[PDB]
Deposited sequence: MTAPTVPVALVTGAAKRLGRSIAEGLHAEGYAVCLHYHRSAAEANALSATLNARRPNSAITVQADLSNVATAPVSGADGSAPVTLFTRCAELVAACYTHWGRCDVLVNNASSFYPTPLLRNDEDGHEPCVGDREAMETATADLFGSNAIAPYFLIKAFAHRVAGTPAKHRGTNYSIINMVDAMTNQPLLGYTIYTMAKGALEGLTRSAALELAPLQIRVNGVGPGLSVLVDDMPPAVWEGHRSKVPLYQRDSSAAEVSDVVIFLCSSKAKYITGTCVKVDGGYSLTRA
């Protein structure tokens, strides 16, 4: 009876805020996490206190590596979607929010091979496997039992067309996610599964450098001269998931305060 959202990397920051925004609209939310077990369970607790049985947590490394028979990434992704159907009997919304982000400079061991798998798995390959698994489930549901508003959001990046110096794999991974948005929107249109991108510029900018540098980097955003709040992104995601957005598919909405209109 109640719609279901699967949110990857739901524990903190934009993931938490998306999970909360959907929750506030009456979704039950499956809270995916990798490292951040404590933050995910705290968030689950808060949502379940607000509305009983409105949240669960599931752990998964979305790197394109086999784990713990070794278990593939595809399996782990299928298992994420399956947790939604096991617990609540449905999965209506998928938000591919989880994402690794760190330098892979082109100009100078097993940190190389783990980087590619981590940055590609989380940003691109796992989203592919998630969308596929989400779609198989919809396909397998008799039409009379289908949800009436299936929506998938990929968090891409407003700024990867002006690439961040030294972040090539990340930039390529987000490039791939963009492709996913356009290819899945096309192929899944027959099943009325909408697929769209949301692309933050500077959002909840990590405070881990001198204040002058942090204030320097925010002040470049033309609108407000700051990085966004998490809700300023997440509200956009909740709007794209809503029935008022039911004719939107295959598009990317930039949420960047005009940062992409800038030049050096």
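Of the deposited sequence, positions 1-4, 73-80, 121-132 lack any modelled C-alpha atom.
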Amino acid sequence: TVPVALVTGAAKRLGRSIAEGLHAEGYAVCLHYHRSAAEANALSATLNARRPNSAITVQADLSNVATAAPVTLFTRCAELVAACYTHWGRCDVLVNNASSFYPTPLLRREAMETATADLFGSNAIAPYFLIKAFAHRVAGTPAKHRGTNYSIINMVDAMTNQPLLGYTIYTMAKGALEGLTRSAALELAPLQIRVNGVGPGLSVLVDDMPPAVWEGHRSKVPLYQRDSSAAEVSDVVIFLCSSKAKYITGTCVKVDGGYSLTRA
From here on, numbers count along this sequence of modelled residues.
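Figure legend: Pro211 is marked as unmodelled in at least a third of the other comparable entries of the protein. On average the C-alpha atoms of 113-121 have higher B-factors than those of the other stretch, with 113-121 and 81-89 being the two compared.
Relative to its counterpart among 24-32 and 214-222, 214-222 has the higher mean temperature factor, C-alpha atoms as listed in the PDB entry. Looking only at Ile238, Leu62, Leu43, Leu205, the residue with the top Cα B factor in the deposited structure is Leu205. Within the listed group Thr72, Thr171, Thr181, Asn97, the record reports its top CA B-factor for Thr72. Among the modelled residues of its chain, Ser151 has a C-alpha B-factor that falls in the lowest third according to the deposited record. Among the modelled residues of its chain, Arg194 has a C-alpha B-factor that falls in the lowest third according to the deposited record. Sorting the modelled residues of the chain by their CA temperature factor places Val7 in the lowest third. Compared with the other modelled residues of the chain, the Cα B-factor recorded for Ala143 ranks in the highest third.
Compared with the other modelled residues of the chain, the Cα B-factor recorded for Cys252 ranks in the highest third.
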